[PDB]
Amino acid sequence: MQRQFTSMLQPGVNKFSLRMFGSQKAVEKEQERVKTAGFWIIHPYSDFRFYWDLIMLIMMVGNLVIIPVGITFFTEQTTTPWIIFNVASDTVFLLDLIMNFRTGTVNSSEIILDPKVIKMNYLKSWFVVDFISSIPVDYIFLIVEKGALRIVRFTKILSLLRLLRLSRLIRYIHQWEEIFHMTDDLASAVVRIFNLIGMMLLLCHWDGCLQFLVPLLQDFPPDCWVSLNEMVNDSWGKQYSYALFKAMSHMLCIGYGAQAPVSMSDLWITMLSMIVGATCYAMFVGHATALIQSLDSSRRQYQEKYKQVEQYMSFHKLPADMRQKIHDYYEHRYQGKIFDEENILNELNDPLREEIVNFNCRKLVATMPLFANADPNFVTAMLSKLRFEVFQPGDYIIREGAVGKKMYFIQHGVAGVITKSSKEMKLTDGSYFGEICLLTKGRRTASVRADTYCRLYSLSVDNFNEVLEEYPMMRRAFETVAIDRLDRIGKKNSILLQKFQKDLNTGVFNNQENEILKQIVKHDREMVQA
Amino acid sequence: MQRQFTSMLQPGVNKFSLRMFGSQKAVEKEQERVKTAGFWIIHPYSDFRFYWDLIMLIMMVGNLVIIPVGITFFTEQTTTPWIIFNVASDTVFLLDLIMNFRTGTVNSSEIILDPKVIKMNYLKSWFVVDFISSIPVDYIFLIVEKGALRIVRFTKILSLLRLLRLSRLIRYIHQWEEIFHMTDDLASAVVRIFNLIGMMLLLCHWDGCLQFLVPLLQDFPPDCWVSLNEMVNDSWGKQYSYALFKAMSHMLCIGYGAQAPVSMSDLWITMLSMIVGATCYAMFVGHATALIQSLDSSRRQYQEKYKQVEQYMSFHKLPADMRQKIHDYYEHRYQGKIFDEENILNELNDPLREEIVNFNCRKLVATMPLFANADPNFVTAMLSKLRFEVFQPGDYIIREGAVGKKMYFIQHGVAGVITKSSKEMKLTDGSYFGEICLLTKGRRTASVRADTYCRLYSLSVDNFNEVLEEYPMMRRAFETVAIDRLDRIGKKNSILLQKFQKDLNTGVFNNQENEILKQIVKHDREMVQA
Amino acid sequence: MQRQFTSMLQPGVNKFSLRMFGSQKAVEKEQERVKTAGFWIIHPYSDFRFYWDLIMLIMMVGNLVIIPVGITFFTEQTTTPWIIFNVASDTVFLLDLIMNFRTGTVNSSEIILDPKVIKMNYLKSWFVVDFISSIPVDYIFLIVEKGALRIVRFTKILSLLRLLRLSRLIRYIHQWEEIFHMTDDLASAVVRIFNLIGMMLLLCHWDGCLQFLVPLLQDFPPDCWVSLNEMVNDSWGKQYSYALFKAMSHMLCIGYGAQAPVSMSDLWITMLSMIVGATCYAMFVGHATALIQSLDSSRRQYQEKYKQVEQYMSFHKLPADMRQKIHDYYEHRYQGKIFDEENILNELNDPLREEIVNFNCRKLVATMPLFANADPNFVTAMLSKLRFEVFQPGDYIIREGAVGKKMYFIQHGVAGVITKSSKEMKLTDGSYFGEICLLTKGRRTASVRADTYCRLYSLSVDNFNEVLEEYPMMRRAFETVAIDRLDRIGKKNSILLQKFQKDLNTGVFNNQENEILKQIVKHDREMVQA
Ligand SMILES: Nc1ncnc2c1ncn2[C@@H]1O[C@@H]2COP(=O)(O)O[C@H]2[C@H]1O
Ligand SMILES: Nc1ncnc2c1ncn2[C@@H]1O[C@@H]2COP(=O)(O)O[C@H]2[C@H]1O
Ligand SMILES: Nc1ncnc2c1ncn2[C@@H]1O[C@@H]2COP(=O)(O)O[C@H]2[C@H]1O
């Protein structure tokens, strides 16, 4: 049993524990660091301190709802049932104060030095504002005065010293909400707004007890609101309902309960309640505004970027024909989602980038035969050096005769090769153009027009040269496929022809090599016919 | 004593003085610049002007609380006690006006030209709106009319000309709050909201004096609210409490004090008070919103970045299995703290970067024997060219056979070398892999799998070549340790073997050199066994 | 006179004209473009249209204040004075409608096509909502019914059709405020909030006329608020004050004028007025919040950056000793001003950058003798390739023996050279170290410790090599000064010695050259003694 107590008092492996400590070795280190001292110390992340936090929070909200109401409307406050509840909550919060001695804080590292450091820090921090609210001063002062209507007044007053149990509630709810509200966007916001409206109802309830308490301590003078409305004799449900209604009407600023307040005490209490209500309502409106702006962030940022590009198009005074094509492109590329890609892919590390890239191009590695038959290290490097692009229908991707600087891998949407003295050649998903320009270091062979809405993957020339100089068997493959494709087109490149005639006669090719090559070129005939 | 007066009037070395002036030579320059003119000039950063600011602010808030109340409810305003206070505050603000002549402003540099520049600027800026509020016009006009109920009315009016002492309060509180509120985020916000609620209570108090002042100047006509509620005879505490309650109920918009206002004067004053109250409450709600959004900034920005990466993962339609790993990585790397590292480390200078890097890697310089025994300039350069990384459990850091481009220093969490025909080899904190790939310019020797949650420090190949070409003794060390590690693994590199056989036989090695090398290789056997 | 009319109708050279048109040639182009058509067309930037805008705005706010009040409380609306004012404002707004025909809009370019384009666009845009409000329908319908208490009711109604003069006011105030409110931050904000509170007082006034208008059209039934308060006979000042007070109490939500509204008409008008008041007050609170957040921007952004660097220091868990030095550095460098320097200096062009750099370094070009005697093109290039730095007291700028990569120009604050077997050497403002390391391509000669708070200007090695390879006479100067400084230090560099012994014996030096060199080295002895 005591081993279970020690394992409870030591910090346990949890999500917050891992977020604090990093590796589990730090959790074992903290477990031994707690296991230094004997039978006493509890850690501020332990499940014992968490459950004691929760039990004391339930008891606190219970007592702060039932304390003030009990004081005002119950002029017989010496009943056995009432005294039993009072001493129960008293010994419960004395337990919580001694555990507040035997806890430990976190400045830096978590301080676990009991007899000097945490004792001095706690005795300098909150011991007065807890020791007033702990012990029942209402029975001590009563047995002192026993060892009298003014004394009955004074023992009705000092019970409100237990309202200083409030500071423990906010001091605990700080830790509790920061632990159990870091989950999502909706849940944290909704628990924060319900936190605030719970605070507002607590203040309305306290004020509703106050507006009857002060006409009670003066024994109901004949001009205050209670003896004007003639409800000194009405049963306590009616008095509490009216006092709470009066405080809620002051709080939301609707109006005075009665026509007006005439006595001086009622007048000043009404004014103080009005100030507190206006301030709390202003804070509530501010929190509602902050919650709304936190919910509406993404659409706002997208409209910011849209207004920026609209201002750019306005500054150059482009025609509306072009603005329609630009907004069509932004829709067809970003799909109404604002995000920066290079920054995120720079923030992630190498295997996360490799796994994300392999998932985004899982279709292309299957559909191209080259990627299906090549080595996975080459495939991974060539895949890592790619770039997304979106082409609108009917614009030239590659024009003939210009200098070549990249190649493109088709992912979605058919694009056509338009060679003169050739009809047309369509290219489905899973194919590539831009081979022979980069392999021959010359001018583009035949132009390419984007028929449908193409979604292409492009690869620059320097990365292509680095990868294909690392592994040259794929360069032999590209040379052979480019030879067949050029022979079908009609033009021929003697540089690549002589390089292959010196390459194939050198004997570096194998039986499996040219069998794979024959498979690839018949596959290329298939994905140029289709 | 006069030397103390001159040292008070000259600017003193303070935090604001250093933030204004840079070096202390500018403070000495300003001290001589004040010491040019004789016995007169005070500087707008001097402790004399600061203490005169504070004393005049205390006297101002005192007088603006007690002036209007004194006017309305005290129809016997010729008492000795009242006249003594009036002439006291009068001569105090005449002192402040003459010191307002003998001050100096700051446009650019601080102007200290007395007899033309600052005299012309002050006499064109605020001299009318101070000279009205300075001298007691209420006794001058009275002794003029002595040298009569309308005259008693007129001498009750002109005392409100001292409410133009208000502009000096805001004009001073600008400087005072910008001096003593640049400390932190909570303190500046709380003093700003209490500044605004102090302003609102001041307006409520002034309006509460007004609502009795205007039924007073008409000698209480039989239809205004005072003679309707029948409180012309009630003692002044009751009249002030009711007038303040009526103005506060108009201000927060709760309701008319009485059922309605019937006389025309009460009607128009009620409407003007309603407008001023609605405007001031709107400003208060705006300031509360701005304060709340200023407090809730960091969690907001973190949720912005989180929503952005969520939109990226939504756009690529990644499976939830991968989204869980990405959110796990972001938690395990940033720990819920949004900050940009490269920008901050670019903003700091060279010794701050060196000191921060040495503190972040104080454990690694002790645990690695190479760093413990090397020269501190080399250690500092190699430390400056490092980069943080976080690896999740069970992904390959380095795969075998790929091209090598960096090396890694383990900081936290064990990672394993998985070589074929070797069992496994664990590596604790404080070790490095990636030596022999960069030293032999070839393929990776054996793959490395991240067992626990690794926190690694990585170093790129170009920086490694620059540092190790600057100092080659560490390259001899790395060559020897790599030779031993390869001999234990099973593969061997003849390039490094021949380079060391030509290196060691060259005679460049020394007795201390290979003694240190023997210590390092037995240390490497220790941190590969462990 | 007609030439003055044509020059008024044509667009004039103004600040908005230059911001619209760029060069003055476009203003002359627009002047001829207006001068195409004859005697008719006015341009929407012309001073004629601006002054007609202003005169119609004055007349509009006058009429919309005096129209509704005239309708309700003046049951004798056939007086000569009243009819004269009505036909005056009628013919004034018929003038404004015909000028609304003869104007021109701006879609793109400013359309100036009169008889089809602007006529069709205006007749499709606003001609109904102006032609109702232009002509006095109240006299036309009266002379129709003349060519009867229901008819008197109907001629009291249709005058409110002139409230549709309101749309012209907002349609003009759009252009007028965007012209004359682009000046500053305070003026635009204050005119916007006073614009909104003017709109709110206009709605309060209109509602105050409505609450008496509807009990007027039913001939004051015996249960509406007017005949309950018994003010059918009170003179019109009293009725207007009470009706405006009732509408203002509904508008700000304070309370019903009377105890409650009993008749059905009063009930529904009260509810509609409550809805309009709550909506307008919500808009006012929103505009106040936006104004406050616009005023408090700079301090907010500075606190954002400060919280970010605080989160960075918290994430690395640096000691508070280091956090104090970092916050000291940020204060001493940015001086509490958030701004990005590289972005702004990238946005400006070449002579603006040259002029800004020459002003920031006007002291250094005078204090250094090299800059005073060198060619201004060299001085400008070397000045353009500089970088600011701030060094805290007591850290080593340059350590001995390390590799050299930049040189530093002292601007403010003394720094010391600490050479072994030399006492110490102080360097005032206007001096440079880092010459001989960059000139000899080797290790740093002697360390340098920052004594006071140094503000230095640094220059990198690649820019230094580019400039000093462009002009080599300054390299001869640096070689000679470095020779003297090394001879005084104690170490000597044979590379520079032999390069100068081959350089000086080559005969490239002149009499003016070595006279300038002698002046520079005695100046260097002066600024090393001092
Ligand atoms: N018949 C064809 N079928 C498919 N693609 C082709 C054909 N002819 C040329 N191409 C591709 O179109 C590209 C355009 O010019 P390049 O020189 O970049 O390389 C060319 C080939 O990749
Ligand atoms: N037996 C071993 N123990 C620890 N590390 C090793 C061992 N063998 C190889 N390594 C490291 O693992 C690295 C992986 O391949 P590299 O060529 O980068 O260089 C290798 C060495 O740094
Ligand atoms: N006696 C000296 N007085 C002033 N500066 C010096 C002196 N000796 C060396 N320096 C400077 O200090 C620099 C530090 O090393 P460098 O090699 O960069 O070049 C050195 C010179 O610019």
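Residues numbered from 1 in each chain as written, not as in the entry; some residues may be left out. Chains lettered and ligands numbered in written order. Part of a larger assembly, values for the part shown. Heavy atoms only, no water. Residues with missing side-chain atoms left out of burial classes, pairs and counts.

What the entry reports as its method is cryo-EM, with 3.54 Å given for the resolution.

All names here are of chain B. The strand order across the open sheet formed by 4 strands is 2-7-4-5, and the pairing between neighbours is antiparallel. The sheet is open, and its two edges are formed by strand 2 (396–398) and strand 5 (425–427), each paired on a single side. Here the strands of the sheet are splayed against their neighbours by 35 degrees on average, with no regard to which way each runs. (Pairing = 2+ DSSP bridges. Helix = DSSP H or I, 4+ residues; strand = E, 2+ residues; numbered from the N terminus. Axes fitted to C-alpha atoms, helices over the stretch in contact; angles between N-to-C directions.)

Moving on, we come to the UniProt feature "intramembrane region" in chain A. Under the UniProt annotation, "intramembrane region" lies at residues 240–261 of chain A. Its end C-alpha atoms 18 Å apart, residues 240–261 of chain A is made of 55% helix and 0% strand. (UniProt positions renumbered as here; feature names shortened; annotations may be inferred.)

A word on the packing of helix 5 (residues 80–101) of chain A against helix 10 (residues 166–180) of chain A. All names here are of chain A. One can describe the packing of helix 5 onto helix 10 by two numbers: an axis separation of 13 Å at closest approach and a directional angle of 50 degrees. Classified by the angle between their axes, helix 5 and helix 10 sit oblique to one another. Seen along the crossing, helix 5 lies across helix 10 with a hand that is left-handed. Only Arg168, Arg171 and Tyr172 of helix 10 make contact with helix 5, whose side of the interface consists of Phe93, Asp96, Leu97 and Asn100. Across the contact of helix 5 with helix 10, the residue classes tally to 3 nonpolar, 1 polar and 3 charged. (Parallel < 35°, antiparallel > 145°, perpendicular 65-115°, else oblique. Left-handed = near helix turned anticlockwise from the far one by under 90°. Contact = heavy atoms within 4.5 Å. Nonpolar A, V, L, I, M, F, W, Y, C, P; charged D, E, K, R; others polar.)

All names here are of chain A. Per the UniProt record, "transmembrane region" is annotated on residues 50–71, 81–101, 121–141, 156–176, 191–213 and 267–287. End C-alpha atoms of residues 191–213 are separated by 32 Å, and the span's content is 100% helix alongside 0% strand. Taken end to end, residues 267–287 is 100% helix and 0% strand, and its first and last C-alpha atoms sit 31 Å apart.

What follows concerns the relation of the copies chain C and chain B. In the superposition of chain C on chain B (RMSD 0.0 Å, axial shift 0.1 Å), the rotation amounts to 90 degrees. Such a combination of rotation and displacement between the chain copies is what one expects of a four-fold axis. A share of only 18% of the interface residues of chain C reappears at the interface of chain B, consistent with the copies meeting through non-equivalent patches. (Least-squares fit on C-alpha atoms.)

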